[PDB]
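Here is the naming used below: chain letters follow the sequence lines, and residue numbers restart at 1 for every chain. FYI, side chains are in, hydrogens and waters are out, and symmetry mates aren't considered; it's all heavy atoms of this structure.
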2 protein chains.
Amino acid sequence: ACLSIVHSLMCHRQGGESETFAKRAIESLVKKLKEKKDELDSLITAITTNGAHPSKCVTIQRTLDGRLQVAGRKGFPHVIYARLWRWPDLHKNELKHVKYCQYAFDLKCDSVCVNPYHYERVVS
Amino acid sequence: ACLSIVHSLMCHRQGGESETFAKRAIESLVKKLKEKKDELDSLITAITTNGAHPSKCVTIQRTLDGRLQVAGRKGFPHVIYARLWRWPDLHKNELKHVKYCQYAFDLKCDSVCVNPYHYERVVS
DNA sequence: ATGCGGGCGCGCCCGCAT
DNA sequence: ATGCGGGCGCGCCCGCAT
Ligand SMILES: [Ca+2]
Ligand SMILES: [Ca+2]
Ligand SMILES: [Ca+2]
Ligand SMILES: [Ca+2]
Ligand SMILES: [Ca+2]
Ligand SMILES: [Ca+2]
Ligand SMILES: [Ca+2]
Ligand SMILES: [Ca+2]
Ligand SMILES: [Ca+2]
Ligand SMILES: [Ca+2]
Ligand SMILES: [Cl-]
Ligand SMILES: [Cl-]
Ligand SMILES: [Cl-]
Ligand SMILES: [Cl-]
Ligand SMILES: [Cl-]
Ligand SMILES: [Cl-]
Ligand SMILES: [Cl-]
Ligand SMILES: [Cl-]
Ligand SMILES: [Zn+2]
Ligand SMILES: [Zn+2]
């Protein structure tokens, strides 16, 4: 079910973390997008094609402090998913959202875009 | 400050738990009663005299599920403090509140009485 | 049907760097 | 002044006993 989607997204991880951390991060994301068909499809299409064709926002609700907790660890959610699918060595203040992204973390919306192809890497 | 109150209440623990668990449980309780002078005085007087002279209710806010967490462990708050100051071997369904107790756990109020001398031990 | 009981995240907290 | 960052509790969840 969601397990087959998680496995397909797992195939595109960059190895910056353990298999078990990546699994928990992907499971957490897929569960939030379960009742949001359009956002889930935009995520699978963006990850599966390695952001070949422009994709739409993939959002989750922002926490009060901005960090998302996965398997006991807290990090910014857009950073967690960009590290996982694009830049395994990604550090803080190294992301810049694309002009068309309407729910980017920096835009201070209760909905945060975690589409890794909605961000580009910059020098800190 | 609250540390001197915690030490005086610690002297009356029955040893059912570790020194460190008892300390965390007492610290948590004292902190909640810090801005409730009358309730804190009723607690110190009841514990210090071993419930010699009738005491008034000592309440904390009830959680949605009824259990209080102290140092990673969950238990009913009236049970935690009765185990700590009166019955170290206390088990579930072995407590019965006194007729004058208005905030007893069984009375389903958002305020729970944790005065151990507001309960008496019964057979389960 | 109803509750226990334990895993784990978000909210609160607070010490610390800058 | 402002934010990081990690500890820990209450809320949510869910498997399980009864
Ligand atoms: Ca559990
Ligand atoms: Ca701190
Ligand atoms: Ca600190
Ligand atoms: Ca400081
Ligand atoms: Ca610091
Ligand atoms: Ca900490
Ligand atoms: Ca469960
Ligand atoms: Ca279970
Ligand atoms: Ca069952
Ligand atoms: Ca069970
Ligand atoms: Cl990874
Ligand atoms: Cl890891
Ligand atoms: Cl969400
Ligand atoms: Cl951003
Ligand atoms: Cl004890
Ligand atoms: Cl113990
Ligand atoms: Cl309280
Ligand atoms: Cl009761
Ligand atoms: Zn976006
Ligand atoms: Zn009472």
Pairing partner (Watson-Crick or G-U wobble, both distances under 3.5 angstrom) of D:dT18: C:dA1
Candidate nucleotides C:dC10, D:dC12, D:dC14, ranked by approach to the side chain of A:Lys31 - the nearest: D:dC14
B:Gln69 side-chain proximity, nearest of C:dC10, D:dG9, C:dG11: D:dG9
Donor-acceptor pair under 3.5 Å, B:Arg67 side chain vs C:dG6 base: yes
Nearest-Å distance for atom pair CD/P, residues A:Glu27 and C:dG7: 17 Å
Value in whole Å for how far the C1' atom of D:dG7 lies from CZ of B:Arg73: 17 Å
Check: C:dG11 base within 3.5 Å donor-acceptor of A:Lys74 side chain: yes
Counter-base of C:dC10, judged by Watson-Crick or G-U geometry with both distances under 3.5 Å: D:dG9
Between D:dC8 (P) and B:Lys32 (NZ): distance, integer Å: 16 Å
Nucleotide D:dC4, atom P - distance to NE2 of A:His91 in whole Å: 16 Å
Same apolar cluster: A:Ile80 and A:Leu33, side chain cutoff 4.5 Å: yes
Length of the line joining B:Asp65:CG and D:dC14:P, which is rounded to integer Å: 16 Å
Nucleotide nearest A:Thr63 (side chain, heavy atoms from C-beta), chosen from D:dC4, C:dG7, C:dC10: C:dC10
No-hydrogen, no-angle side-chain donor-acceptor test under 3.5 Å, A:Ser124 and A:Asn93: no
Whole-Å gap separating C1' (C:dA17) and NZ (A:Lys92): 11 Å
Centroid-centroid under 6.0 Å between A:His118 and A:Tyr100 rings: yes
Length of the line joining B:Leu64:CG and C:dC4:P, which is rounded to integer Å: 15 Å
A:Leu68, nearest nucleotide to its side chain (from D:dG9, C:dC10, C:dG11): C:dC10
Donor-acceptor contact below 3.5 Å, side chain B:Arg62 vs main chain B:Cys109: yes
Salt bridge (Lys or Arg N to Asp or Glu O under 4.0 Å) contacts in which one or both residues fall within residues 74-88 of chain A, not counting sequence neighbours: A:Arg86-A:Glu120
Euclidean distance, atom CZ of residue B:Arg24 to atom P of D:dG9 [Å, nearest integer]: 10 Å
